[PDB]
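J.: Got a structure for you, run28.txt, holding compact mmCIF, C-alpha atoms.
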# COMPACT_ATOMS: atom_id res chain seq x y z
CA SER A 1 6.22 -14.29 6.08
CA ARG A 2 2.64 -15.55 5.70
CA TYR A 3 -0.47 -13.68 4.62
CA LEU A 4 -2.58 -11.86 7.19
CA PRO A 5 -6.30 -12.68 7.46
CA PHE A 6 -8.53 -10.80 4.98
CA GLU A 7 -5.42 -9.72 3.05
CA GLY A 8 -5.83 -9.54 -0.71
CA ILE A 9 -9.60 -9.05 -0.76
CA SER A 10 -10.51 -6.36 -3.26
CA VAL A 11 -11.92 -3.34 -1.46
CA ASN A 12 -14.68 -3.19 -4.10
CA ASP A 13 -15.84 -6.75 -3.37
CA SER A 14 -19.50 -7.75 -3.28
CA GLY A 15 -18.90 -10.08 -0.33
CA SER A 16 -19.76 -9.29 3.25
CA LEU A 17 -17.90 -9.08 6.54
CA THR A 18 -19.95 -10.77 9.25
CA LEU A 19 -19.46 -10.21 12.97
CA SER A 20 -20.99 -13.09 14.92
CA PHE A 21 -21.54 -13.11 18.67
CA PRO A 22 -22.33 -16.65 19.86
CA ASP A 23 -24.39 -17.26 23.00
CA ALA A 24 -26.10 -13.88 22.66
CA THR A 25 -29.27 -14.86 24.54
CA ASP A 26 -27.45 -16.34 27.03
CA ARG A 27 -23.94 -15.83 28.35
CA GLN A 28 -23.11 -12.71 26.29
CA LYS A 29 -26.49 -11.01 26.80
CA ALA A 30 -25.22 -8.52 29.38
CA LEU A 31 -22.12 -7.69 27.33
CA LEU A 32 -24.17 -7.10 24.19
CA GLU A 33 -26.66 -4.91 26.05
CA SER A 34 -23.72 -2.90 27.41
CA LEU A 35 -22.27 -2.72 23.88
CA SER A 36 -22.38 0.75 22.33
CA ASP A 37 -21.39 0.09 18.70
CA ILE A 38 -18.82 -1.76 16.58
CA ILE A 39 -15.78 -0.14 14.93
CA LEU A 40 -13.79 -1.68 12.07
CA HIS A 41 -10.24 -0.41 11.52
CA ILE A 42 -9.52 -1.59 7.98
CA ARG A 43 -6.01 -0.98 6.67
CA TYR A 44 -5.70 -1.37 2.91
CA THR A 45 -3.21 -0.65 0.14
CA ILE A 46 -3.51 1.27 -3.12
CA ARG A 47 -1.38 0.43 -6.15
CA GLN B 1 9.18 -38.59 -7.76
CA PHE B 2 11.29 -35.51 -7.05
CA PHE B 3 10.33 -33.86 -10.34
CA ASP B 4 6.66 -34.20 -9.39
CA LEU B 5 7.28 -32.60 -6.00
CA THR B 6 9.42 -29.84 -7.52
CA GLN B 7 6.85 -28.97 -10.19
CA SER B 8 4.18 -28.81 -7.48
CA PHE B 9 6.36 -26.31 -5.61
CA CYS B 10 6.93 -24.31 -8.80
CA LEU B 11 3.19 -24.13 -9.51
CA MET B 12 2.36 -22.96 -5.99
CA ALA B 13 5.11 -20.32 -6.19
CA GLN B 14 3.61 -19.18 -9.50
CA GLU B 15 0.24 -18.88 -7.77
CA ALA B 16 1.88 -16.78 -5.05
CA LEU B 17 3.37 -14.50 -7.72
CA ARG B 18 0.01 -14.21 -9.49
CA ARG B 19 -1.63 -13.22 -6.21
CA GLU B 20 1.10 -10.66 -5.48
CA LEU B 21 0.84 -9.00 -8.90
CA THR B 22 -2.98 -9.34 -9.05
CA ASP B 23 -2.50 -10.57 -12.64
CA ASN B 24 -3.87 -14.09 -13.15
CA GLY B 25 -2.76 -14.18 -16.80
CA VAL B 26 0.98 -14.59 -16.27
CA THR B 27 2.25 -18.12 -16.95
CA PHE B 28 5.84 -19.20 -16.36
CA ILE B 29 5.64 -22.93 -15.64
CA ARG B 30 4.71 -23.72 -19.25
CA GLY B 31 5.01 -27.51 -19.05
CA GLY B 32 7.22 -29.85 -21.00
CA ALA B 33 10.08 -29.60 -18.50
CA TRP B 34 10.18 -33.41 -18.35
CA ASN B 35 10.77 -34.13 -22.04
CA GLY B 36 10.99 -37.58 -23.57
CA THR B 37 13.88 -36.67 -25.86
CA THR B 38 16.25 -36.42 -22.87
CA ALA B 39 14.79 -39.12 -20.57
CA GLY B 40 13.68 -36.54 -18.00
CA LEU B 41 16.98 -34.68 -17.72
CA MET B 42 17.12 -30.84 -17.90
CA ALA B 43 13.84 -30.53 -16.04
CA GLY B 44 15.81 -28.84 -13.27
CA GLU B 45 17.44 -26.35 -15.63
CA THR B 46 14.08 -25.58 -17.25
CA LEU B 47 12.50 -24.95 -13.86
CA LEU B 48 15.44 -22.77 -12.80
CA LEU B 49 14.92 -20.64 -15.91
CA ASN B 50 11.21 -20.37 -15.14
CA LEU B 51 11.89 -19.34 -11.54
CA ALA B 52 14.39 -16.74 -12.73
CA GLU B 53 11.76 -15.33 -15.10
CA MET B 54 9.27 -15.17 -12.23
CA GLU B 55 11.77 -13.34 -10.02
CA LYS B 56 12.59 -10.91 -12.83
CA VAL B 57 8.95 -10.04 -13.46
CA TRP B 58 8.37 -9.66 -9.72
CA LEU B 59 11.29 -7.26 -9.32
CA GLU B 60 10.37 -5.27 -12.42
CA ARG B 61 6.69 -4.90 -11.48
CA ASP B 62 7.22 -4.47 -7.73
CA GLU B 63 5.71 -1.31 -6.28
CA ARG B 64 5.54 0.35 -2.88
CA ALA B 65 1.81 0.75 -2.30
CA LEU B 66 0.06 3.59 -0.51
CA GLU B 67 -0.98 2.42 2.97
CA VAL B 68 -4.38 3.78 4.04
CA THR B 69 -6.46 3.31 7.19
CA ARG B 70 -10.25 3.57 7.29
CA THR B 71 -12.37 3.65 10.45
CA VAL B 72 -15.94 2.43 9.91
CA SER B 73 -18.41 2.73 12.78
CA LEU B 74 -21.19 0.20 12.25
CA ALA B 75 -23.89 2.32 13.90
CA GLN B 76 -23.13 5.29 11.63
CA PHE B 77 -22.88 3.03 8.58
CA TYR B 78 -26.26 1.42 9.27
CA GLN B 79 -27.91 4.78 9.98
CA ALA B 80 -26.51 6.30 6.77
CA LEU B 81 -27.84 3.53 4.53
CA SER B 82 -29.87 5.10 1.74
CA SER B 83 -32.69 2.57 1.28
CA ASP B 84 -32.83 0.00 4.11
CA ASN B 85 -31.48 1.55 7.31
CA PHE B 86 -31.98 1.00 11.04
CA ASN B 87 -30.52 2.04 14.39
CA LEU B 88 -27.90 -0.42 15.61
CA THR B 89 -28.14 0.04 19.38
CA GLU B 90 -31.94 0.08 19.61
CA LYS B 91 -32.28 -2.88 17.25
CA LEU B 92 -29.70 -4.81 19.28
CA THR B 93 -31.50 -4.05 22.55
CA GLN B 94 -34.83 -5.06 21.02
CA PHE B 95 -33.43 -8.32 19.62
CA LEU B 96 -31.94 -9.09 23.02
CA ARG B 97 -35.11 -8.33 24.99
CA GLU B 98 -37.10 -10.55 22.60
CA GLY B 99 -35.13 -13.49 21.24
CA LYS B 100 -35.92 -12.91 17.57
CA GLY B 101 -34.80 -10.34 15.05
CA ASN B 102 -34.04 -9.65 11.39
CA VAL B 103 -33.51 -6.20 9.86
CA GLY B 104 -31.81 -4.84 6.77
CA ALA B 105 -31.01 -6.05 3.28
CA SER B 106 -28.92 -8.99 2.10
CA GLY B 107 -25.36 -7.95 2.85
CA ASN B 108 -26.20 -5.01 5.13
CA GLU B 109 -28.08 -6.81 7.86
CA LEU B 110 -28.52 -7.36 11.59
CA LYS B 111 -30.12 -10.66 12.58
CA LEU B 112 -30.39 -13.12 15.45
CA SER B 113 -30.06 -16.58 13.92
CA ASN B 114 -30.27 -19.49 16.38
CA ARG B 115 -28.81 -18.03 19.62
CA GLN B 116 -26.05 -16.17 17.76
CA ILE B 117 -26.21 -12.52 16.71
CA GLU B 118 -24.92 -11.69 13.23
CA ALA B 119 -24.10 -8.25 11.83
CA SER B 120 -23.21 -8.32 8.13
CA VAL B 121 -21.69 -5.35 6.28
CA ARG B 122 -21.25 -5.38 2.51
CA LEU B 123 -17.71 -4.36 1.57
CA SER B 124 -18.67 -2.37 -1.53
CA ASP B 125 -21.31 -0.35 0.36
CA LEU B 126 -18.48 1.31 2.30
CA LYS B 127 -17.46 3.14 -0.92
CA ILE B 128 -13.79 2.98 -0.01
CA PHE B 129 -12.87 3.68 -3.64
CA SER B 130 -14.37 7.18 -3.44
CA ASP B 131 -12.24 8.10 -0.41
CA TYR B 132 -9.27 8.93 -2.66
CA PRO B 133 -9.14 10.17 -6.27
CA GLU B 134 -9.48 7.74 -9.16
CA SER B 135 -5.77 8.27 -9.84
CA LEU B 136 -3.03 7.09 -7.42
CA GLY B 137 -3.87 3.48 -8.36
CA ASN B 138 -6.63 1.16 -9.52
CA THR B 139 -5.86 -1.91 -7.35
CA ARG B 140 -7.06 -1.19 -3.81
CA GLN B 141 -7.03 -4.28 -1.60
CA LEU B 142 -7.36 -4.96 2.11
CA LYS B 143 -4.24 -5.66 4.16
CA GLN B 144 -5.51 -6.01 7.73
CA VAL B 145 -8.78 -5.69 9.66
CA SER B 146 -9.23 -4.97 13.37
CA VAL B 147 -12.34 -4.62 15.53
CA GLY C 1 -15.46 27.50 -3.40
CA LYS C 2 -12.74 29.07 -5.53
CA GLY C 3 -9.21 30.16 -4.76
CA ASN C 4 -5.62 30.53 -5.93
CA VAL C 5 -2.88 32.38 -4.04
CA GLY C 6 0.90 32.43 -4.19
CA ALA C 7 3.46 31.77 -6.89
CA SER C 8 3.93 28.66 -9.01
CA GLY C 9 5.61 26.24 -6.62
CA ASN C 10 4.74 28.13 -3.43
CA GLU C 11 0.99 28.07 -3.76
CA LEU C 12 -2.35 27.38 -2.10
CA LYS C 13 -5.20 26.57 -4.45
CA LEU C 14 -8.63 24.96 -4.61
CA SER C 15 -8.68 23.03 -7.89
CA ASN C 16 -11.84 20.98 -8.57
CA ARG C 17 -13.08 19.87 -5.10
CA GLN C 18 -9.59 19.14 -3.73
CA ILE C 19 -7.37 21.62 -1.89
CA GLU C 20 -3.66 21.71 -2.71
CA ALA C 21 -0.76 23.34 -0.88
CA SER C 22 2.50 23.25 -2.84
CA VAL C 23 5.88 24.14 -1.32
CA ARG C 24 9.08 24.33 -3.37
CA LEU C 25 11.85 22.25 -1.80
CA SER C 26 14.65 24.69 -2.64
CA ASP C 27 12.76 27.60 -1.05
CA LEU C 28 13.21 25.97 2.36
CA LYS C 29 16.95 26.80 2.10
CA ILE C 30 18.04 23.70 3.97
CA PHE C 31 21.64 23.94 2.70
CA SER C 32 22.11 27.10 4.78
CA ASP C 33 21.13 25.30 8.01
CA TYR C 34 24.62 23.79 8.30
CA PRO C 35 27.98 25.08 7.02
CA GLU C 36 29.11 24.53 3.44
CA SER C 37 31.56 21.96 4.82
CA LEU C 38 30.43 18.69 6.49
CA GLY C 39 29.31 17.44 3.05
CA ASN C 40 27.99 18.52 -0.33
CA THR C 41 25.46 15.70 -0.88
CA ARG C 42 22.42 16.46 1.28
CA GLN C 43 19.44 14.30 0.36
CA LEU C 44 16.07 13.52 1.89
CA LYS C 45 15.57 10.27 3.79
CA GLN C 46 12.05 10.41 5.22
CA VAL C 47 9.25 12.99 5.16
CA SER C 48 6.45 12.90 7.74
CA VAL C 49 3.45 15.20 8.16
CA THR C 50 1.78 16.52 11.31
CA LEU C 51 -1.68 18.10 11.02
CA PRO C 52 -2.69 19.52 14.41
CA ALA C 53 -6.43 19.61 13.71
CA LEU C 54 -9.46 18.87 15.90
CA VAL C 55 -10.61 15.72 14.08
CA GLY C 56 -13.50 13.83 15.63
CA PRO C 57 -13.18 10.22 16.73
CA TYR C 58 -13.79 7.60 14.03
CA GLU C 59 -12.90 10.24 11.41
CA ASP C 60 -9.68 9.93 9.41
CA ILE C 61 -7.85 12.77 7.75
CA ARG C 62 -7.38 11.94 4.07
CA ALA C 63 -4.31 13.68 2.67
CA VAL C 64 -1.81 12.89 -0.07
CA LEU C 65 1.76 14.17 -0.11
CA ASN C 66 3.34 14.11 -3.57
CA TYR C 67 6.65 15.11 -5.15
CA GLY C 68 6.44 16.88 -8.50
CA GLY C 69 10.06 17.14 -9.63
CA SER C 70 11.85 15.57 -12.58
CA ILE C 71 14.13 13.27 -10.57
CA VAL C 72 13.82 9.61 -11.56
CA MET C 73 12.40 7.78 -8.55
CA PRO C 74 11.55 4.15 -7.77
CA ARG C 75 7.99 2.98 -8.33
CA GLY C 76 5.64 4.18 -5.60
CA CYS C 77 8.16 6.28 -3.66
CA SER C 78 7.05 9.77 -4.74
CA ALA C 79 3.76 9.90 -2.81
CA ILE C 80 2.38 8.94 0.59
CA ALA C 81 -1.14 8.80 2.00
CA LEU C 82 -1.83 10.42 5.37
CA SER C 83 -4.67 9.06 7.50
CA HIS C 84 -4.19 10.28 11.10
CA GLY C 85 -1.95 13.36 10.91
CA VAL C 86 -0.08 12.80 14.19
CA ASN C 87 3.53 12.41 13.01
CA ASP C 88 2.05 10.40 10.15
CA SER C 89 4.78 8.64 8.16
CA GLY C 90 2.37 7.07 5.65
CA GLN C 91 3.54 3.51 6.38
CA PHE C 92 1.97 0.79 8.51
CA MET C 93 5.27 0.38 10.36
CA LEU C 94 8.23 2.65 9.65
CA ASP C 95 11.64 0.97 9.52
CA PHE C 96 14.74 3.00 8.72
CA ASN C 97 16.64 -0.27 8.14
CA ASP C 98 14.17 -1.39 5.46
CA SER C 99 15.47 -3.43 2.55
CA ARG C 100 13.59 -1.16 0.13
CA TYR C 101 13.72 2.59 -0.38
CA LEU C 102 11.47 4.83 1.69
CA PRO C 103 9.23 7.35 -0.09
CA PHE C 104 10.96 10.65 -0.92
CA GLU C 105 14.35 9.07 -0.22
CA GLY C 106 17.19 10.28 -2.43
CA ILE C 107 15.62 13.57 -3.50
CA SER C 108 18.24 16.31 -3.44
CA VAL C 109 17.40 18.75 -0.67
CA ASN C 110 17.83 21.72 -3.02
CA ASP C 111 15.56 20.31 -5.74
CA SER C 112 13.54 22.72 -7.86
CA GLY C 113 10.53 20.41 -7.58
CA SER C 114 7.72 20.86 -5.09
CA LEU C 115 6.01 18.86 -2.38
CA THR C 116 2.24 19.08 -2.74
CA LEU C 117 -0.17 18.26 0.08
CA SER C 118 -3.62 17.52 -1.35
CA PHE C 119 -6.83 17.22 0.65
CA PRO C 120 -9.53 15.54 -1.48
CA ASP C 121 -13.21 16.33 -0.98
CA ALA C 122 -12.52 19.55 0.91
CA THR C 123 -15.72 21.32 -0.18
CA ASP C 124 -17.45 18.52 0.73
CA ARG C 125 -16.64 15.84 3.27
CA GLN C 126 -13.44 17.32 4.77
CA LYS C 127 -14.70 20.90 5.12
CA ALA C 128 -15.14 20.83 8.90
CA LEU C 129 -11.78 19.10 9.38
CA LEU C 130 -10.00 21.67 7.22
CA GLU C 131 -11.60 24.61 9.05
CA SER C 132 -10.59 23.01 12.36
CA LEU C 133 -7.07 22.61 10.94
CA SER C 134 -4.48 24.95 12.47
CA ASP C 135 -1.45 24.55 10.16
CA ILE C 136 0.71 21.89 8.49
CA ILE C 137 4.07 20.60 9.74
CA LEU C 138 6.71 18.74 7.74
CA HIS C 139 9.24 16.58 9.59
CA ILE C 140 11.97 16.21 6.98
CA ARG C 141 14.73 13.81 8.00
CA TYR C 142 17.68 14.07 5.62
CA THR C 143 21.30 12.99 5.38
CA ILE C 144 24.54 14.87 4.77
CA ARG C 145 27.54 13.20 3.15
CA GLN D 1 17.82 -16.96 -22.00
CA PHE D 2 19.50 -17.06 -18.60
CA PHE D 3 22.32 -14.76 -19.68
CA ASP D 4 19.75 -12.15 -20.71
CA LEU D 5 18.00 -12.39 -17.35
CA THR D 6 21.28 -12.32 -15.42
CA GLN D 7 22.62 -9.29 -17.29
CA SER D 8 19.34 -7.47 -16.64
CA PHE D 9 19.78 -8.19 -12.93
CA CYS D 10 23.38 -6.96 -13.10
CA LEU D 11 22.30 -3.71 -14.76
CA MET D 12 19.63 -3.02 -12.16
CA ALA D 13 22.12 -3.73 -9.35
CA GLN D 14 24.51 -1.28 -11.02
CA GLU D 15 21.73 1.31 -11.08
CA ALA D 16 21.15 0.68 -7.37
CA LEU D 17 24.86 1.30 -6.73
CA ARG D 18 24.79 4.48 -8.82
CA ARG D 19 21.85 5.71 -6.76
CA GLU D 20 23.63 4.82 -3.51
CA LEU D 21 26.84 6.65 -4.43
CA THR D 22 25.05 9.53 -6.23
CA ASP D 23 27.65 9.14 -9.01
CA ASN D 24 26.05 8.34 -12.37
CA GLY D 25 29.45 8.07 -14.07
CA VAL D 26 30.52 4.71 -12.65
CA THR D 27 30.22 1.86 -15.16
CA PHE D 28 30.97 -1.77 -14.33
CA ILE D 29 28.92 -3.83 -16.80
CA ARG D 30 30.82 -2.74 -19.90
CA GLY D 31 29.34 -5.22 -22.37
CA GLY D 32 30.96 -8.06 -24.25
CA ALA D 33 30.32 -10.64 -21.53
CA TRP D 34 28.73 -12.86 -24.18
CA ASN D 35 31.61 -13.07 -26.67
CA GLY D 36 31.50 -15.00 -29.93
CA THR D 37 35.04 -16.34 -29.53
CA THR D 38 33.99 -18.57 -26.60
CA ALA D 39 30.42 -19.41 -27.74
CA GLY D 40 28.93 -17.60 -24.75
CA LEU D 41 31.04 -19.32 -22.10
CA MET D 42 32.84 -17.41 -19.31
CA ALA D 43 30.00 -14.87 -19.32
CA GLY D 44 29.21 -15.84 -15.74
CA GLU D 45 32.84 -15.29 -14.73
CA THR D 46 32.89 -11.87 -16.39
CA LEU D 47 29.70 -10.86 -14.59
CA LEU D 48 31.09 -12.15 -11.28
CA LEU D 49 34.17 -9.98 -11.74
In C-alpha cells, what does this structure look like?

T.:
Amino acid sequence: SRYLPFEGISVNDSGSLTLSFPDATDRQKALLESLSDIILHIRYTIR
Amino acid sequence: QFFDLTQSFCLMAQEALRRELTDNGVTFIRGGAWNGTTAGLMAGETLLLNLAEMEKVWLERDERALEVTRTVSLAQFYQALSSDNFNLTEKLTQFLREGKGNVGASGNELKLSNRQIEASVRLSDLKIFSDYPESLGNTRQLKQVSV
Amino acid sequence: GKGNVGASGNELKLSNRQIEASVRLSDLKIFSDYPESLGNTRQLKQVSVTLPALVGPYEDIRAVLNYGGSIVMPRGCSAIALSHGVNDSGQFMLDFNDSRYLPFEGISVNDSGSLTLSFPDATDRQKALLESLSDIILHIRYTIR
Amino acid sequence: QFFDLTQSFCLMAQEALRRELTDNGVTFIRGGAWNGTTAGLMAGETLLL
C-alpha cells in the first residue's frame, strides 16, 4: 500500500546511489577484505 | 476545522496522483471550495467533484508498465568507466591496508571518509535508457533496489 | 549482419541492429488441440517465454514480446519485457487473480496477428547470448468457454 | 459535472462487461438518463438500474 524505497526515481537521474560500510577499519575490516564485489539488482518500470 | 483537515487530505491525495502520473501540471483542488456566498456550505460537494475528477483521470491514464530487471556489478562498472576508472577489489584492499583512500570522479567514486567506506555510483552513468529502444515508453523509473 | 527468412507473419529477420522472430498466432492451430465441442470461445490468458541459453552471471537477457494484431487491447497489455528467460512472465510477481488484465489476455487464439520476439542490440551487446541461445519456448495459457 | 463523470464510468464498466462476455452487442446504458422533463433528477436511479 505504501511506496517502496527508491521507487519513483527517474532512471536518468543525475543523483548517486551510495553504499556505505561503517566501521570499515575496524569491526568490518575482515568482511570487507573478504568482499569480492557489489551487485545491484535494480528493478524498474517503463511507461 | 474539519474543512481544513479535509482540504489537507485532498491536497496530499492530489500530490499522490501527480506522482503516479509523473505529470506535475494537473490541478484538481482549484480552491474556492469554502465560498463566502454560502457560509462555507457545499465545500464537501465541491471536494467530492474534485476527487471524482482525479479518479477519472487516474483510470483513463492508467497503464500497465513494462517491468525490467537490471543487474549492475560495481567492479565491472568501475572498470568500464571511460575517463576515471579503477579496480574495485584492489582499491578496497589498499584502502583497508592503509586507512586513507579517495579514487574516482564526483558521482562515480570510492572513498574512505572517517572510518566509513563509501562507494558512490551515478545513476545516469549506468545508461539504463539505452538498454531498450527509445520506443516502448519515455518514463523509465526505479521500482525496487536490492544489493 | 543482414538477414530475412520466412513469410510475412512467420519470419526471422535482422532489422537495424535488433533481431526479430515473428510467429502468426493462427498458424499454431490451437483450436485443433481439443474437439470442436467444449467451447467456441478460446482466448489467451497469459503468455510466458523460456529462453534456454547459456547466459553468464550478472548478465540479463533483454527481450521484448509484442502482439501486432488489430484487436483493441487495454493500455500496456500488448507487450512484455523479458529479463531472465527462465519461465519469464514479464511481471515482478504474477497473480492470476489480479484486479487488472494480464498482458495478452483476451486475444482470440485464432487471431491473424503475430507475436514478435525482439532482441535489441543483437549485433552488438547480445551477440554472444544469442549464439549461445538454443531455441525459444512459448508457454501459452489460454481458456476455453 | 458529476453526471458526466458518472456516465463515463458507467460506459467504461459496460465496456469491461462486453470484454468479459465477448459479446459486443449487449447495451445497458441506452441514453436519456439526463432527461429534460425532470431537470436532470432521477439520473442516478436510471444509472443504478

J.: Pick out the chain C residues within 12 Å of chain A. Count only C-alpha atoms. Give them as a ChimeraX atom specification.

T.: /C:57-60,75-77,79-81,83,90-93

J.: Which distance in Å separates CA of residue 5 (chain C) and CA of residue 21 (chain C), to one decimal?

T.: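 It comes out at 9.8 Å.
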
J.: What residues in chain D have any atom no more than 9 Å from chain B when counting only C-alpha atoms, and can you write them as a PyMOL selection string?

T.: chain D and resi 1-2+5-6+8-9

J.: For CA of residue 132 (chain C) and CA of residue 19 (chain C), determine how far apart the two atoms are, in Å to one decimal place.

T.: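 Computing the Euclidean distance for CA of residue 132 (chain C) and CA of residue 19 (chain C) yields 14.7 Å.
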
J.: So, counting only C-alpha atoms, which residue among C:85, C:3, C:68, C:120 is closest to residue 18 (chain C)?

T.: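 Checking each candidate against residue 18 (chain C), we get C:120 as the closest.
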
J.: Since the input has fewer atoms than a full residue there, write region 25-45 of chain B out with N, CA and C atoms, as a short mmCIF file (atom, residue, chain, number, x, y, z; two decimals), in the frame of the given file.

T.:
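Contents of result29.cif, as written:
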data_model
loop_
_atom_site.label_atom_id
_atom_site.label_comp_id
_atom_site.auth_asym_id
_atom_site.auth_seq_id
_atom_site.Cartn_x
_atom_site.Cartn_y
_atom_site.Cartn_z
N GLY B 25 -3.08 -13.75 -15.46
CA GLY B 25 -2.76 -14.18 -16.80
C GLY B 25 -1.31 -14.57 -17.04
N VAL B 26 -0.43 -14.29 -16.08
CA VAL B 26 0.98 -14.59 -16.27
C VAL B 26 1.22 -16.08 -16.06
N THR B 27 1.92 -16.71 -17.01
CA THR B 27 2.25 -18.12 -16.95
C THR B 27 3.74 -18.29 -17.16
N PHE B 28 4.40 -19.01 -16.26
CA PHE B 28 5.84 -19.20 -16.36
C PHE B 28 6.20 -20.68 -16.37
N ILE B 29 5.49 -21.49 -15.59
CA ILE B 29 5.64 -22.93 -15.64
C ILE B 29 4.80 -23.40 -16.83
N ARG B 30 5.42 -23.48 -18.00
CA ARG B 30 4.71 -23.72 -19.25
C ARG B 30 4.63 -25.19 -19.62
N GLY B 31 5.08 -26.09 -18.76
CA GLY B 31 5.01 -27.51 -19.05
C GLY B 31 6.10 -27.96 -20.00
N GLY B 32 6.21 -29.28 -20.15
CA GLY B 32 7.22 -29.85 -21.00
C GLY B 32 8.62 -29.82 -20.42
N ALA B 33 8.77 -29.55 -19.13
CA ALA B 33 10.08 -29.60 -18.50
C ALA B 33 10.64 -31.02 -18.53
N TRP B 34 9.79 -32.01 -18.24
CA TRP B 34 10.18 -33.41 -18.35
C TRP B 34 9.88 -33.86 -19.77
N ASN B 35 10.91 -33.84 -20.62
CA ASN B 35 10.77 -34.13 -22.04
C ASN B 35 11.28 -35.53 -22.32
N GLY B 36 10.61 -36.22 -23.25
CA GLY B 36 10.99 -37.58 -23.57
C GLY B 36 12.27 -37.70 -24.38
N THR B 37 12.67 -36.62 -25.06
CA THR B 37 13.88 -36.67 -25.86
C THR B 37 15.14 -36.77 -25.02
N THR B 38 15.08 -36.40 -23.74
CA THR B 38 16.25 -36.42 -22.87
C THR B 38 16.05 -37.31 -21.64
N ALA B 39 15.03 -38.16 -21.65
CA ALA B 39 14.79 -39.12 -20.57
C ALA B 39 14.58 -38.45 -19.22
N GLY B 40 13.99 -37.25 -19.22
CA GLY B 40 13.68 -36.54 -18.00
C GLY B 40 14.75 -35.58 -17.53
N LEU B 41 15.94 -35.60 -18.12
CA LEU B 41 16.98 -34.68 -17.72
C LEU B 41 16.72 -33.29 -18.31
N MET B 42 17.27 -32.28 -17.63
CA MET B 42 17.12 -30.84 -17.90
C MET B 42 15.80 -30.27 -17.42
N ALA B 43 15.00 -31.08 -16.72
CA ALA B 43 13.84 -30.53 -16.04
C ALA B 43 14.26 -29.50 -15.00
N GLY B 44 15.34 -29.79 -14.26
CA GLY B 44 15.81 -28.84 -13.27
C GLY B 44 16.26 -27.52 -13.87
N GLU B 45 17.00 -27.58 -14.97
CA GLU B 45 17.44 -26.35 -15.63
C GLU B 45 16.25 -25.56 -16.18
#
